[PDB]
Structures are given as structure tokens and as C-alpha cells.
Amino acid sequence: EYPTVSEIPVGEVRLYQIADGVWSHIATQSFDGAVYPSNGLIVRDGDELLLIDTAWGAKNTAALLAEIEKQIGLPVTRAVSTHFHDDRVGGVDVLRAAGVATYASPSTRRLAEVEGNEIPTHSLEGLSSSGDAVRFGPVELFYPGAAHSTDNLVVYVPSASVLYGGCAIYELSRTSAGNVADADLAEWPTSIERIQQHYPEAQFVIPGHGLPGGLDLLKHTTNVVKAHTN
Ligand SMILES: O=C(O)c1cccc2c1C(=O)N(Cc1c(F)cccc1Cl)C2
Ligand SMILES: [Zn+2]
Ligand SMILES: [Zn+2]
């Protein structure tokens, strides 16, 4: 069973096998007077691992690295953060200290700095216009356009048909819009249309927070966003 928020103490990290060579990582953090769960991705990259997103802070990200070593035992050599919020970049300094080369788009890096969050080291080229895609080892990085944030990226693992939607995609049980302070509500449905057009064969869809599903999460998110606007 996919681990839920009440099952993970703050400071612990779980790994969940999605497909051969693909895991999600699940952590929890104090936020908005509560504790929330948060997902990232781990993808086998030959003899190394590619990490998608931190585990929401330095302490959790240290626990993530320890759990990866215990359960997988291959080195994390690169990480990509999919937008500038702290659930995506908080912990990049720990990753760097562990030998991980950390990456994000130039926009994400600038936005993180202004927000006071940690800053991935390296800039990803080729992702500045909506619909841009680039290969990054065993994944494709895709910029669908503004949605939950202006900089949000999605990640596709072609060998496993896994679409990591990040925070632009809501889990099914989230039926009202969450944090829209950094969102583009008018563009978000169109950005989801771009994701659907690009990845119609996705078999697993991972949201930034909560339970994985399938491509049904895309239409669900569109419906939630539009209901907020209407
Ligand atoms: O999108 C959501 O509604 C959502 C749901 C669960 C958890 C989070 C968000 C969200 O927007 N986070 C960003 C954030 C923030 F906005 C302010 C301070 C710190 C941070 Cl990590 C965290
Ligand atoms: Zn966010
Ligand atoms: Zn988020």
C-alpha cells in the first residue's frame, strides 16, 4: 500500500516501488499548521541514480539518502528540482555535500533565491518555452507551461511509462484547489492539455503530494482548478 501522511513521522522517508528501476520517495513536513506528505522520484540511471526533487528539507533529505543507500545501494549522482518551492529544493545543500550534482531551470533557480530557499547548482538549458522537452539520462524533462507555479516541470520515464506530474497534478482525493499564490489559474488547464498531448501512453501518474494514479489525475486536476476559478 502507498504510505499515507499519518504513517510517516516528520524526519523519516519511505521508498515505494512503482516499476522496475523507478521509485517514489515519500516524506512529511510541518506546513500551514499541519503535517503534509510530499513525493519525489528516483530513477535508475545505469549504475547510478537520478533523483527528482528533495524530500522537503535538509533533515528529510538526509534521511532520503540514508534510505536509498539501505534499500537500493547505488549512488545518487544527479538531482533535478521541478519547481522553486521548498518541498522541491529544500535539502539541495545536503545533496551537494553528499556529492550530488543538483539541477533546475534558470527560472527555478532565480525564484528559489528570491523566496529564500536553497538553490540548485546547475542550470538546465532548453526548457524556457511551454512545450519544451529535453532528455536527461533515463528521463525526459518537460516544461508544460505555468500551472501550480510558473516554473513547474514534469518528468517522464519512457522505459516504464511513468509520468511524474509533480505539484502541477493533484491526487484524486484533493477536490478543492490548494496553494494558488504562485499559480497561473488561467494557464493551468492548457498546461495540462500539453502534458496529455505529449504523454498519452503514461501508465502511472505521480502527483507532488498524495496517492499515485493514472492519466485520470490530469482531467481531475483540470476540474479542480476550473472549479476554483468558477
Ligand atoms: O500546493 C499545495 O496546496 C501544497 C500542498 C501540500 C504541501 C505544499 C503545497 C505547497 O504549495 N507547498 C509550497 C510551500 C509554500 F507554499 C510555502 C512554504 C513552504 C512551501 Cl514548501 C507545500
Ligand atoms: Zn509548490
Ligand atoms: Zn508541492
Side-chain angles (χ1 to χ4, degrees), residues 2-11 13-14 24-41 51-61 63-64 79-95 102 104-105 107-120 143-155 163-185 187-189 191-192 195 205-213 217-218 220-229:
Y2 203 79
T4 68
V5 56
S6 71
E7 299 175 328
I8 308 175
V10 175
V13 175
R14 304 294 186 249
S24 64
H25 61 82
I26 313 92
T28 53
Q29 192 50 265
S30 297
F31 175 64
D32 206 18
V35 172
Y36 281 85
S38 188
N39 300 316
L41 209 70
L51 180 66
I52 310 301
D53 292 324
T54 66
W56 197 351
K59 186 176 182 71
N60 285 356
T61 298
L64 169 65
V80 171
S81 293
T82 60
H83 69 278
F84 74 101
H85 289 161
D86 214 36
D87 56 321
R88 310 295 119 195
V89 300
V92 294
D93 294 357
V94 167
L95 294 178
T102 58
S105 73
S107 182
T108 294
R109 296 178 70 256
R110 284 191 304 270
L111 289 166
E113 179 179 35
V114 174
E115 191 75 16
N117 297 341
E118 293 156 72
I119 306 165
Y143 173 52
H148 163 83
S149 64
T150 63
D151 61 322
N152 50 205
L153 302 180
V154 308
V155 183
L163 176 62
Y164 177 83
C167 301
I169 300 301
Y170 285 159
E171 70 170 326
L172 280 195
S173 66
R174 175 64 49 199
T175 60
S176 59
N179 174 26
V180 300
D182 296 331
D184 189 332
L185 293 167
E187 188 65 16
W188 196 336
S191 301
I192 289 172
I195 300 170
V205 179
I206 313 305
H209 307 273
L211 185 66
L217 296 194
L218 271 61
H220 167 69
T221 301
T222 298
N223 288 338
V224 173
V225 169
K226 289 184 163 183
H228 185 81
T229 310

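Atoms within each ligand, like the ligands themselves, are counted from 1 in listed order. One is the number of the first residue; the rest follow in order along the sequence.
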Enter the distance from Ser24:OG to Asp53:CG here, rounded to the nearest 0.5 Å. 12.0 Å
Under 4.0 Å from any heavy atom of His85, which atoms of ligand 1 are there? 13 (C)
Return the CD1 to OH distance between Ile192 and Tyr170, rounded to the nearest 0.5 Å. 9.5 Å
Looking at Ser38 and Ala27, would you say the former's side chain and the latter's main chain have a donor-acceptor pair under 3.5 Å? no
The atoms of ligand 1 lying under 4.0 Å from a heavy atom of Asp86, numbered in the order shown, are 21 (Cl)
Run the side chain to side chain donor-acceptor pair (under 3.5 Å) check on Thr108 and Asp151 step by step: do they pass? CA-CA 6 Å; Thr108 294; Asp151 61 322; 2.7 Å; yes
Using a 4.0 Å cut-off to any heavy atom of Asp87, which atoms of ligand 1 qualify? 13 (C), 21 (Cl)
Ligand-side contact atoms (ligand 1) for residue partner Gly178, heavy atom cut-off under 4.0 Å: 3 (O)
Could you tell me the separation between the NE2 atom of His220 and the CZ atom of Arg174, rounded to the nearest 0.5 Å? 8.5 Å
Classify the contact between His148 and ligand 1 as side chain, backbone, both or neither, using a heavy-atom distance cut-off of under 4.0 Å. side chain
Which atom of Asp87 approaches the Zn ion (ligand 3) most closely (N/O/S): OD2
Test log, rule side-chain contact (heavy atoms from CB on, under 4.5 Å), inputs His83 and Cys167: CA-CA 8 Å; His83 69 278; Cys167 301; 3.4 Å; yes
Is it the case that ligand 1 has an N or O less than 3.5 angstrom from some N or O of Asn179? yes
About how large, to 10 degrees, is the angle SG of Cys167, then the Zn ion (ligand 3), then NE2 of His209? 100°
Could you give me the CA-CA distance, side-chain angles and deciding distance for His209 and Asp87, then say whether side chain to side chain donor-acceptor pair (under 3.5 Å) is met? CA-CA 10 Å; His209 307 273; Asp87 56 321; 2.9 Å; yes
Check whether any N, O or S atom of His83 sits under 2.8 Å from the Zn ion (ligand 2). yes
Of the protein's non-hydrogen atoms, which lies at the shortest distance from atom 8 (C) of ligand 1, and what is that distance? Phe31 CE2, 3.5 Å
Just so I know, are the side chains of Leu51 and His25 near enough to count as touching, which here means a heavy-atom distance under 4.5 Å? yes
Taking the N/O/S atoms of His85 one by one, which is nearest to the Zn ion (ligand 2)? ND1
Around atom 7 (C) of ligand 1, find the nearest protein heavy atom and jot down its residue, atom name and distance. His209 CE1, 3.3 Å
